[PDB]
$ cat my_file.cif   # mmCIF, C-alpha atoms
data_work
loop_
_atom_site.group_PDB
_atom_site.id
_atom_site.type_symbol
_atom_site.label_atom_id
_atom_site.label_comp_id
_atom_site.auth_asym_id
_atom_site.auth_seq_id
_atom_site.Cartn_x
_atom_site.Cartn_y
_atom_site.Cartn_z
ATOM 1 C CA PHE A 1 68.098 -31.485 -0.707
ATOM 2 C CA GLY A 2 67.737 -27.798 -1.807
ATOM 3 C CA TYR A 3 65.410 -26.768 1.030
ATOM 4 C CA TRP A 4 65.882 -23.367 2.645
ATOM 5 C CA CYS A 5 64.057 -20.897 4.909
ATOM 6 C CA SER A 6 64.225 -17.393 6.264
ATOM 7 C CA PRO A 7 64.930 -16.844 9.156
ATOM 8 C CA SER A 8 67.323 -19.700 8.547
ATOM 9 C CA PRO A 9 67.347 -22.634 10.940
ATOM 10 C CA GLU A 10 70.495 -21.144 12.659
ATOM 11 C CA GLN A 11 68.650 -17.854 13.142
ATOM 12 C CA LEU A 12 65.501 -19.547 14.443
ATOM 13 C CA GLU A 13 67.539 -21.281 17.178
ATOM 14 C CA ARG A 14 68.777 -17.826 18.277
ATOM 15 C CA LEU A 15 65.170 -16.863 19.161
ATOM 16 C CA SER A 16 63.360 -17.514 22.478
ATOM 17 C CA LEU A 17 60.411 -19.856 22.657
ATOM 18 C CA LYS A 18 58.076 -16.847 23.012
ATOM 19 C CA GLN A 19 59.627 -15.233 19.897
ATOM 20 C CA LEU A 20 59.221 -18.521 18.039
ATOM 21 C CA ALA A 21 55.424 -18.374 18.575
ATOM 22 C CA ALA A 22 55.189 -15.303 16.275
ATOM 23 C CA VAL A 23 57.984 -15.330 13.699
ATOM 24 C CA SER A 24 57.629 -12.531 11.064
ATOM 25 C CA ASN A 25 58.505 -12.737 7.409
ATOM 26 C CA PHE A 26 58.702 -16.497 7.356
ATOM 27 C CA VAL A 27 59.614 -17.974 3.999
ATOM 28 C CA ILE A 28 60.433 -21.631 3.093
ATOM 29 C CA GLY A 29 61.293 -23.036 -0.263
ATOM 30 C CA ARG A 30 63.127 -25.706 -2.207
ATOM 31 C CA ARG A 31 65.473 -24.588 -4.960
ATOM 32 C CA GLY A 32 64.159 -25.671 -8.357
ATOM 33 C CA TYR A 33 60.702 -26.361 -6.991
ATOM 34 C CA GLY A 34 59.151 -23.280 -5.406
ATOM 35 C CA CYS A 35 58.616 -21.142 -2.346
ATOM 36 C CA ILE A 36 56.027 -20.360 0.354
ATOM 37 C CA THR A 37 55.823 -16.728 1.630
ATOM 38 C CA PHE A 38 53.688 -16.547 4.732
ATOM 39 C CA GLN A 39 51.348 -13.517 5.006
ATOM 40 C CA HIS A 40 51.235 -13.219 8.769
ATOM 41 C CA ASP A 41 53.394 -14.227 11.769
ATOM 42 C CA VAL A 42 53.754 -17.970 12.196
ATOM 43 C CA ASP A 43 54.211 -20.232 15.270
ATOM 44 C CA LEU A 44 57.218 -22.460 14.804
ATOM 45 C CA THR A 45 57.258 -23.830 18.421
ATOM 46 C CA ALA A 46 56.287 -27.344 17.300
ATOM 47 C CA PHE A 47 59.598 -27.693 15.445
ATOM 48 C CA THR A 48 62.273 -26.884 18.014
ATOM 49 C CA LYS A 49 63.731 -30.433 18.143
ATOM 50 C CA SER A 50 65.414 -29.530 14.892
ATOM 51 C CA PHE A 51 64.088 -26.822 12.543
ATOM 52 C CA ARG A 52 66.037 -28.248 9.639
ATOM 53 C CA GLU A 53 64.897 -31.865 10.171
ATOM 54 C CA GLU A 54 61.313 -31.082 11.136
ATOM 55 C CA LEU A 55 60.649 -28.590 8.337
ATOM 56 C CA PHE A 56 62.792 -29.579 5.386
ATOM 57 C CA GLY A 57 60.972 -32.410 3.607
ATOM 58 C CA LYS A 58 58.976 -33.568 6.604
ATOM 59 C CA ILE A 59 56.444 -30.890 7.512
ATOM 60 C CA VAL A 60 56.968 -29.024 4.246
ATOM 61 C CA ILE A 61 57.438 -31.116 1.109
ATOM 62 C CA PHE A 62 58.028 -29.831 -2.417
ATOM 63 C CA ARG A 63 57.653 -32.889 -4.659
ATOM 64 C CA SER A 64 58.864 -33.756 -8.118
ATOM 65 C CA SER A 65 55.173 -33.955 -9.087
ATOM 66 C CA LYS A 66 55.278 -30.110 -9.082
ATOM 67 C CA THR A 67 53.261 -29.710 -5.981
ATOM 68 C CA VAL A 68 53.583 -28.670 -2.292
ATOM 69 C CA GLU A 69 52.392 -30.260 0.924
ATOM 70 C CA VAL A 70 52.306 -28.721 4.418
ATOM 71 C CA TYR A 71 51.579 -31.115 7.340
ATOM 72 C CA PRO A 72 51.238 -34.372 5.371
ATOM 73 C CA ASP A 73 49.972 -36.149 8.526
ATOM 74 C CA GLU A 74 46.290 -35.199 8.870
ATOM 75 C CA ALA A 75 46.317 -35.896 12.662
ATOM 76 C CA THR A 76 49.059 -33.288 13.192
ATOM 77 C CA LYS A 77 47.652 -30.569 10.950
ATOM 78 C CA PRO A 78 46.694 -27.684 13.262
ATOM 79 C CA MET A 79 43.444 -25.734 13.197
ATOM 80 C CA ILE A 80 43.396 -22.945 10.638
ATOM 81 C CA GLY A 81 45.315 -20.000 12.127
ATOM 82 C CA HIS A 82 47.669 -22.210 14.104
ATOM 83 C CA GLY A 83 51.252 -23.194 13.232
ATOM 84 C CA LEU A 84 51.937 -22.901 9.505
ATOM 85 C CA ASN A 85 48.205 -23.410 8.697
ATOM 86 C CA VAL A 86 47.743 -19.800 7.777
ATOM 87 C CA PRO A 87 47.575 -17.563 4.641
ATOM 88 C CA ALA A 88 50.467 -17.727 2.230
ATOM 89 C CA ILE A 89 51.627 -16.938 -1.274
ATOM 90 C CA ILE A 90 53.108 -19.828 -3.157
ATOM 91 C CA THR A 91 55.177 -20.160 -6.289
ATOM 92 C CA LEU A 92 55.638 -23.559 -7.915
ATOM 93 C CA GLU A 93 58.148 -24.101 -10.710
ATOM 94 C CA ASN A 94 57.966 -26.272 -13.845
ATOM 95 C CA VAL A 95 54.173 -26.493 -13.795
ATOM 96 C CA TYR A 96 52.800 -27.304 -17.275
ATOM 97 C CA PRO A 97 49.754 -28.659 -19.059
ATOM 98 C CA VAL A 98 49.644 -32.339 -20.290
ATOM 99 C CA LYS A 99 50.929 -37.565 -22.112
ATOM 100 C CA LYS A 100 54.204 -35.919 -20.891
ATOM 101 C CA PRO A 101 54.515 -32.260 -19.825
ATOM 102 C CA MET A 102 53.559 -29.924 -22.703
ATOM 103 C CA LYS A 103 56.397 -27.315 -22.573
ATOM 104 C CA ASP A 104 56.279 -26.119 -26.183
ATOM 105 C CA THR A 105 55.836 -22.419 -25.681
ATOM 106 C CA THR A 106 55.101 -21.834 -29.403
ATOM 107 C CA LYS A 107 51.761 -23.500 -28.586
ATOM 108 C CA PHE A 108 50.211 -20.372 -27.046
ATOM 109 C CA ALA A 109 46.600 -21.572 -27.468
ATOM 110 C CA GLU A 110 47.138 -24.714 -25.396
ATOM 111 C CA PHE A 111 48.997 -22.677 -22.756
ATOM 112 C CA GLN A 112 46.018 -20.317 -22.678
ATOM 113 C CA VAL A 113 43.663 -23.185 -21.991
ATOM 114 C CA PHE A 114 45.906 -24.270 -19.098
ATOM 115 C CA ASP A 115 46.144 -20.700 -17.795
ATOM 116 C CA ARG A 116 42.359 -20.302 -17.676
ATOM 117 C CA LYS A 117 42.248 -23.602 -15.722
ATOM 118 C CA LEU A 118 44.649 -22.111 -13.154
ATOM 119 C CA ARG A 119 42.701 -18.847 -13.060
ATOM 120 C CA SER A 120 39.521 -20.719 -12.217
ATOM 121 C CA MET A 121 40.912 -22.625 -9.182
ATOM 122 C CA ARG A 122 38.755 -21.891 -6.161
ATOM 123 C CA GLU A 123 41.274 -22.817 -3.374
ATOM 124 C CA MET A 124 44.494 -21.707 -5.025
ATOM 125 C CA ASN A 125 43.772 -18.071 -5.854
ATOM 126 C CA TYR A 126 45.599 -17.147 -9.032
ATOM 127 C CA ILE A 127 48.241 -14.491 -9.084
ATOM 128 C CA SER A 128 50.245 -15.360 -12.199
ATOM 129 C CA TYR A 129 51.455 -18.061 -14.558
ATOM 130 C CA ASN A 130 54.488 -17.760 -16.828
ATOM 131 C CA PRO A 131 54.710 -20.468 -19.580
ATOM 132 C CA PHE A 132 58.412 -19.742 -19.873
ATOM 133 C CA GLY A 133 59.453 -21.890 -16.909
ATOM 134 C CA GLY A 134 55.906 -22.895 -15.948
ATOM 135 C CA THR A 135 55.949 -20.582 -12.927
ATOM 136 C CA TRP A 136 52.617 -20.593 -11.073
ATOM 137 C CA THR A 137 52.074 -18.087 -8.273
ATOM 138 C CA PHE A 138 48.952 -18.160 -6.167
ATOM 139 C CA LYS A 139 47.536 -17.435 -2.724
ATOM 140 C CA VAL A 140 46.026 -19.781 -0.157
ATOM 141 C CA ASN A 141 44.163 -18.996 3.055
ATOM 142 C CA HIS A 142 45.541 -22.135 4.761
ATOM 143 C CA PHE A 143 46.651 -25.617 3.898
ATOM 144 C CA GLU A 144 43.416 -27.664 4.545
#
$ encode --input "my_file.cif" --output "structure tokens"
Amino acid sequence: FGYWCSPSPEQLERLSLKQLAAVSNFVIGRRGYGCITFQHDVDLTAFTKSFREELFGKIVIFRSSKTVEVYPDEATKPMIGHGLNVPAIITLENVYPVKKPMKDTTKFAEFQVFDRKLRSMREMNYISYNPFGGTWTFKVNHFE
């Protein structure tokens, strides 16, 4: 389904359970949708039954609605600082203003309105937005 991560699931299984509690450089994405780049070590010990099945489209979901969800079950979402509920940089692809998607890049003024909207988001801290592709990069402190 286009999902991927680094370390890859095959690499994560070659770690010990104590190594899996602090995995560095963790990155998970879905091709054609986006990517999450975690800012600090993450604890992946909740997912050992199957990294691929637990993570790819279950715990992490990139949806066709141009958004991303981490721990969709509220009861399972860890405290901030636990698991994957930690700071990250996110890129989402094909994000556009509006009643279909407005992707006419000759319309710079409307794109500018949309861009200021993104810049003003309080939870999703703006990094960049490219109208050519609708590529929105931002930072979050957690996934609450």
$ closest_residue --input "my_file.cif" --among "A:93, A:87, A:113, A:20" --to "residue 125 (chain A)" --atoms "only C-alpha atoms"
A:87
$ resolve_selection --input "my_file.cif" --expression "the PyMOL selection byres ((chain A and resi 23) around 8)" --output "ChimeraX atom specification"
/A:19-22,24-26,41-44
$ write_last_selection --input "my_file.cif" --atoms "C-alpha atoms" --output "PDB file, keeping the file's coordinate frame"
ATOM      1  CA  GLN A  19      59.627 -15.233  19.897  1.00  0.00           C
ATOM      2  CA  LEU A  20      59.221 -18.521  18.039  1.00  0.00           C
ATOM      3  CA  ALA A  21      55.424 -18.374  18.575  1.00  0.00           C
ATOM      4  CA  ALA A  22      55.189 -15.303  16.275  1.00  0.00           C
ATOM      5  CA  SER A  24      57.629 -12.531  11.064  1.00  0.00           C
ATOM      6  CA  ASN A  25      58.505 -12.737   7.409  1.00  0.00           C
ATOM      7  CA  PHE A  26      58.702 -16.497   7.356  1.00  0.00           C
ATOM      8  CA  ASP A  41      53.394 -14.227  11.769  1.00  0.00           C
ATOM      9  CA  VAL A  42      53.754 -17.970  12.196  1.00  0.00           C
ATOM     10  CA  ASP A  43      54.211 -20.232  15.270  1.00  0.00           C
ATOM     11  CA  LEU A  44      57.218 -22.460  14.804  1.00  0.00           C
TER      12      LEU A  44
END
$ atom_distance --input "my_file.cif" --atom1 "CA of residue 31 (chain A)" --atom2 "CA of residue 110 (chain A)"
27.5 Å
$ closest_residue --input "my_file.cif" --among "A:29, A:81, A:57, A:34" --to "residue 6 (chain A)" --atoms "all atoms listed in the file"
A:29
$ residues_around --input "my_file.cif" --residues "residue 114 (chain A)" --least-positions-apart "2" --cutoff "10 Å" --atoms "only C-alpha atoms" --output "list in words"
residues 96, 97, 98, 108, 109, 110, 111, 112, 116, 117, 118, 119, 129 and 131 of chain A
$ closest_residue --input "my_file.cif" --among "A:144, A:139, A:51, A:5" --to "residue 70 (chain A)" --atoms "all atoms listed in the file"
A:144
$ atom_distance --input "my_file.cif" --atom1 "CA of residue 142 (chain A)" --atom2 "CA of residue 92 (chain A)"
16.3 Å
$ axis_aligned_box --input "my_file.cif" --around "region 6-17 of chain A" --padding-each-side "8 Å" --output "AutoDock Vina command-line options"
--center_x 65.5 --center_y -19.7 --center_z 14.5 --size_x 26.1 --size_y 21.8 --size_z 32.4
$ atom_distance --input "my_file.cif" --atom1 "CA of residue 137 (chain A)" --atom2 "CA of residue 84 (chain A)"
18.4 Å
$ resolve_selection --input "my_file.cif" --expression "the PyMOL selection byres ((chain A and resi 37) around 7)" --output "JSON, numbers by chain"
{"A": [26, 27, 28, 35, 36, 38, 39, 88, 89, 90]}
$ decode --input "my_file.cif" --residues "region 70-117 of chain A" --atoms "N, CA and C atoms" --output "mmCIF file, in the first residue's frame"
data_model
loop_
_atom_site.group_PDB
_atom_site.id
_atom_site.type_symbol
_atom_site.label_atom_id
_atom_site.label_comp_id
_atom_site.auth_asym_id
_atom_site.auth_seq_id
_atom_site.Cartn_x
_atom_site.Cartn_y
_atom_site.Cartn_z
ATOM 1 N N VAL A 70 -1.835 9.317 13.739
ATOM 2 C CA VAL A 70 -0.978 8.439 14.530
ATOM 3 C C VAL A 70 -1.723 8.090 15.827
ATOM 4 N N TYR A 71 -1.928 6.770 16.007
ATOM 5 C CA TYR A 71 -2.747 6.178 17.089
ATOM 6 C C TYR A 71 -4.190 6.638 16.948
ATOM 7 N N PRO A 72 -4.884 6.113 15.960
ATOM 8 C CA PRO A 72 -6.316 6.443 15.752
ATOM 9 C C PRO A 72 -7.245 6.010 16.914
ATOM 10 N N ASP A 73 -6.852 5.007 17.696
ATOM 11 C CA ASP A 73 -7.621 4.627 18.870
ATOM 12 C C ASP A 73 -7.159 5.450 20.094
ATOM 13 N N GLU A 74 -8.007 6.386 20.510
ATOM 14 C CA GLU A 74 -7.760 7.250 21.641
ATOM 15 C C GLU A 74 -7.296 6.520 22.910
ATOM 16 N N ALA A 75 -7.844 5.329 23.174
ATOM 17 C CA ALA A 75 -7.533 4.560 24.394
ATOM 18 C C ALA A 75 -6.110 4.056 24.431
ATOM 19 N N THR A 76 -5.527 3.870 23.249
ATOM 20 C CA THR A 76 -4.177 3.347 23.028
ATOM 21 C C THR A 76 -3.131 4.427 22.896
ATOM 22 N N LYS A 77 -3.550 5.650 22.591
ATOM 23 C CA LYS A 77 -2.588 6.739 22.421
ATOM 24 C C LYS A 77 -1.851 6.955 23.739
ATOM 25 N N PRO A 78 -0.527 6.790 23.713
ATOM 26 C CA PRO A 78 0.327 6.994 24.874
ATOM 27 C C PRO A 78 0.334 8.432 25.415
ATOM 28 N N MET A 79 0.880 8.627 26.600
ATOM 29 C CA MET A 79 1.151 9.959 27.087
ATOM 30 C C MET A 79 2.141 10.605 26.107
ATOM 31 N N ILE A 80 2.128 11.922 26.063
ATOM 32 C CA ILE A 80 3.138 12.661 25.331
ATOM 33 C C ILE A 80 4.505 12.249 25.819
ATOM 34 N N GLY A 81 5.413 11.963 24.905
ATOM 35 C CA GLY A 81 6.779 11.518 25.240
ATOM 36 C C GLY A 81 6.977 10.018 25.233
ATOM 37 N N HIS A 82 5.887 9.291 25.049
ATOM 38 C CA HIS A 82 5.884 7.846 25.031
ATOM 39 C C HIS A 82 5.577 7.380 23.613
ATOM 40 N N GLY A 83 6.127 6.229 23.238
ATOM 41 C CA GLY A 83 5.841 5.613 21.937
ATOM 42 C C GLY A 83 6.219 6.587 20.826
ATOM 43 N N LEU A 84 5.291 6.750 19.883
ATOM 44 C CA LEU A 84 5.467 7.630 18.736
ATOM 45 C C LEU A 84 4.842 9.008 19.023
ATOM 46 N N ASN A 85 4.369 9.228 20.255
ATOM 47 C CA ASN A 85 3.698 10.473 20.640
ATOM 48 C C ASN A 85 4.709 11.528 21.115
ATOM 49 N N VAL A 86 5.524 11.952 20.153
ATOM 50 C CA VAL A 86 6.696 12.720 20.401
ATOM 51 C C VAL A 86 6.904 13.723 19.218
ATOM 52 N N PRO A 87 7.824 14.680 19.365
ATOM 53 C CA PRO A 87 8.004 15.663 18.282
ATOM 54 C C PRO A 87 8.389 15.070 16.959
ATOM 55 N N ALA A 88 7.892 15.674 15.890
ATOM 56 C CA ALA A 88 8.165 15.182 14.548
ATOM 57 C C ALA A 88 7.979 16.316 13.552
ATOM 58 N N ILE A 89 8.661 16.145 12.420
ATOM 59 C CA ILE A 89 8.442 16.921 11.210
ATOM 60 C C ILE A 89 7.713 16.079 10.182
ATOM 61 N N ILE A 90 6.675 16.688 9.629
ATOM 62 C CA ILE A 90 5.776 16.038 8.719
ATOM 63 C C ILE A 90 5.711 16.749 7.415
ATOM 64 N N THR A 91 5.672 15.987 6.347
ATOM 65 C CA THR A 91 5.370 16.508 5.002
ATOM 66 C C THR A 91 4.148 15.766 4.506
ATOM 67 N N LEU A 92 3.154 16.534 4.053
ATOM 68 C CA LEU A 92 1.986 15.960 3.372
ATOM 69 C C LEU A 92 1.943 16.460 1.960
ATOM 70 N N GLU A 93 1.597 15.571 1.038
ATOM 71 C CA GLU A 93 1.595 15.839 -0.401
ATOM 72 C C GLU A 93 0.163 16.083 -0.895
ATOM 73 N N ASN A 94 0.090 16.816 -1.996
ATOM 74 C CA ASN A 94 -1.187 17.145 -2.668
ATOM 75 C C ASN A 94 -2.186 17.865 -1.789
ATOM 76 N N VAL A 95 -1.700 18.796 -0.953
ATOM 77 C CA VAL A 95 -2.511 19.591 -0.080
ATOM 78 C C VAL A 95 -2.799 20.937 -0.809
ATOM 79 N N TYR A 96 -4.078 21.284 -0.937
ATOM 80 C CA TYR A 96 -4.466 22.428 -1.749
ATOM 81 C C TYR A 96 -5.639 23.140 -1.156
ATOM 82 N N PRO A 97 -5.815 24.432 -1.509
ATOM 83 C CA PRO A 97 -7.037 25.112 -1.058
ATOM 84 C C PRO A 97 -8.268 24.559 -1.813
ATOM 85 N N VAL A 98 -9.454 25.042 -1.435
ATOM 86 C CA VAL A 98 -10.762 24.594 -2.023
ATOM 87 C C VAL A 98 -11.364 25.483 -3.128
ATOM 88 N N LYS A 99 -16.520 22.772 -5.591
ATOM 89 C CA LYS A 99 -15.638 22.931 -4.418
ATOM 90 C C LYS A 99 -14.458 21.907 -4.375
ATOM 91 N N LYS A 100 -13.983 21.490 -5.548
ATOM 92 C CA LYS A 100 -12.857 20.559 -5.668
ATOM 93 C C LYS A 100 -11.525 21.208 -5.217
ATOM 94 N N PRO A 101 -10.436 20.435 -5.264
ATOM 95 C CA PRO A 101 -9.129 21.038 -4.962
ATOM 96 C C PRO A 101 -8.764 22.105 -6.000
ATOM 97 N N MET A 102 -8.353 23.276 -5.513
ATOM 98 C CA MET A 102 -7.906 24.387 -6.356
ATOM 99 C C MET A 102 -6.394 24.188 -6.587
ATOM 100 N N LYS A 103 -6.011 23.679 -7.763
ATOM 101 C CA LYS A 103 -4.612 23.363 -8.082
ATOM 102 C C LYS A 103 -4.076 24.209 -9.230
ATOM 103 N N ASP A 104 -4.753 25.309 -9.533
ATOM 104 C CA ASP A 104 -4.363 26.185 -10.622
ATOM 105 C C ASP A 104 -3.330 27.139 -10.062
ATOM 106 N N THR A 105 -2.088 26.873 -10.411
ATOM 107 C CA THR A 105 -0.950 27.548 -9.822
ATOM 108 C C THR A 105 -0.719 28.922 -10.461
ATOM 109 N N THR A 106 -1.509 29.280 -11.480
ATOM 110 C CA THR A 106 -1.477 30.629 -12.050
ATOM 111 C C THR A 106 -2.209 31.558 -11.109
ATOM 112 N N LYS A 107 -3.036 30.985 -10.234
ATOM 113 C CA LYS A 107 -3.831 31.742 -9.254
ATOM 114 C C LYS A 107 -3.026 31.975 -7.980
ATOM 115 N N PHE A 108 -1.923 32.721 -8.108
ATOM 116 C CA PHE A 108 -1.043 32.979 -6.961
ATOM 117 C C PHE A 108 -1.717 33.646 -5.783
ATOM 118 N N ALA A 109 -2.678 34.552 -6.004
ATOM 119 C CA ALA A 109 -3.327 35.238 -4.879
ATOM 120 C C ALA A 109 -4.118 34.273 -3.993
ATOM 121 N N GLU A 110 -4.829 33.347 -4.617
ATOM 122 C CA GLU A 110 -5.606 32.383 -3.826
ATOM 123 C C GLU A 110 -4.655 31.448 -3.086
ATOM 124 N N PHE A 111 -3.585 31.065 -3.752
ATOM 125 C CA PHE A 111 -2.562 30.210 -3.061
ATOM 126 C C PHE A 111 -1.954 30.903 -1.867
ATOM 127 N N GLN A 112 -1.771 32.230 -1.978
ATOM 128 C CA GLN A 112 -1.245 33.054 -0.910
ATOM 129 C C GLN A 112 -2.181 33.094 0.251
ATOM 130 N N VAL A 113 -3.493 33.171 -0.010
ATOM 131 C CA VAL A 113 -4.448 33.136 1.083
ATOM 132 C C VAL A 113 -4.325 31.801 1.855
ATOM 133 N N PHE A 114 -4.228 30.739 1.101
ATOM 134 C CA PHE A 114 -4.126 29.377 1.665
ATOM 135 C C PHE A 114 -2.839 29.275 2.486
ATOM 136 N N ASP A 115 -1.746 29.746 1.910
ATOM 137 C CA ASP A 115 -0.448 29.721 2.592
ATOM 138 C C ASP A 115 -0.461 30.457 3.915
ATOM 139 N N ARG A 116 -1.068 31.657 3.967
ATOM 140 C CA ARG A 116 -1.181 32.351 5.247
ATOM 141 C C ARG A 116 -2.007 31.570 6.273
ATOM 142 N N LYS A 117 -3.023 30.856 5.800
ATOM 143 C CA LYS A 117 -3.827 29.950 6.646
ATOM 144 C C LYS A 117 -2.892 28.919 7.272
#
